[PDB]
Structure formats: structure tokens, C-alpha cells
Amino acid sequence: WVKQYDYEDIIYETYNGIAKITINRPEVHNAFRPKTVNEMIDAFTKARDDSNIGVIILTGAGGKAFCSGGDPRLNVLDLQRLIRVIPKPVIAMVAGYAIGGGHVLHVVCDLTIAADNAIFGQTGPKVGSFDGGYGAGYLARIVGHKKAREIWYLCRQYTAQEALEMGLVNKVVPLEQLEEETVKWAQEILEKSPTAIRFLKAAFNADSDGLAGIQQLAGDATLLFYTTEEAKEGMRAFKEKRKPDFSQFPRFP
């Protein structure tokens, strides 16, 4: 990993197309405060524009904590949306605690790889808080409504195996092989058509986000369209102060 920029509350490194973002607050079990969130925003954005990065990993430094949520601007919501809009798969690498806002964060990541020591759960109803956005509805679109309501109403803790069984995480491995497996998964992704991946991610987002999700799927198509010759004719003619000729191009039943 090559430490790429200089952050305070987190760490940003890269390697062979993979970008890893690490919350670094083991003292408070990698909890997040307004500042550390803003840094994650900047970092993801950095990875977003970096055409050499095709996959992103999110993890905690502790070794026994991924994130435990936060310590009065609700900027994590902005990060949740960002993680979903980035046209690149985001893998949450979970070790130890993934609680509260921290659990919602691993939830919105495309995939989650957990160490056998990982602990999952919400805390809101206990400490006077709640995430009724992706934290509720999207979670229910992963584990189903009975389990999602259980998770929020009782605020119990769930081990990796429990998480795996309910479809909350994609895989569980010993703590010592966590990053090894995660990088393995990241590389497999780096071998696929990047455009085919961004389109599917958008399609998955459109599944639950109405027009917001359609803006993403339709947006990507607009991007791809500007690539075609047909599209070129459009702005070419505009510049040439003439009427464009699309008949030159084909249709498709």
C-alpha cells in the first residue's frame, strides 16, 4: 500500500488498482466524528476520480473494530450516498466491531468480508438515535424484514457466522487472513469489464432509489453514449452550424 495523501483521522493508501480507506481511532473503537467523515468523503472522491482505481476497500485500523458509529451535523448520510454513487465496487473489510453508524456503513458498501471475530449490530434505540434511511429499508433488502426489524428493535450483537447466515456479509475468514481474502476479491473485480460493473451497480441502486437511482443508471448511459459516433455527429453538426445526419447510423429491434 502506498500512503497517497495526508489525512488526520483516517488513512488512504492504494495498490494495483485497489484503494483502501482506514478509519484510525482505535481509542474509541474507530468511532467517527464530523471531521473523520469529511475525510472519508474526500478520500472516496479521490478514489472515485482516480482512473487507476477500480475497487475500494473500507476498514478499521483497530483490528478489533471496524467502526462503532459516532461521538451534530449528520454528514455520514452524505458519505452513504457517495459510497453508493461511486461507479466502483466498495468492499467493507470488517474486523471486530461494526456498530451503530458503523454498521450502516458496512451495510451500504457493495460487499462485506468479515473476520471470525467481527461483531455486528445497531445501537440507536439504546443511545437515543436511529438511521431510518438505508439503515432500515436497505438493511431489510439484504436480510429481509423480520431480521432487519429484530436488529433495530432489540439492538443485540451478532457474530460473523450469524451475519453470514442471514445474508448480511458475503464471507467470513480467520482474522489473520482478512486482508488476504479481501484483496483476493478486489483483484477478481479488477479483472472484469469496468463499464459492465458500474452499470450493474447503478441498476442495483435503481432497484430501491426511484428517480435518484434512475439518475445514476440513465447518467451512466449518457456517459457511454457520448462515446458513440452517433453522439459525435450531434455535437459535430452543432459546431458545423448544420443539421445533424443520424440516418447515417443504425437502429435495433
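Residue numbers run from 1 along the displayed sequence.
Engineer: How many residues that are in the deposited sequence but not in the model lie between residue 71 and residue 72: none, 1 to 3, 4 to 9, or 10 or more?
Structural biologist: Gap size class: 10 or more residues without coordinates, per the record.
Engineer: On average, are the C-alpha B-factors higher in 53-61 or in 198-206?
Structural biologist: The stretch with the larger average C-alpha B-factor is 53-61.
Engineer: Quick check on the record: does 212-220 or 35-43 carry the larger mean Cα temperature factor?
Structural biologist: Looking at the record's C-alpha B-factors, the answer is 35-43.
Engineer: Out of 78, 165, 110, 176, which shows the largest CA B-factor listed in the entry?
Structural biologist: 176 has the highest C-alpha B-factor of those listed.
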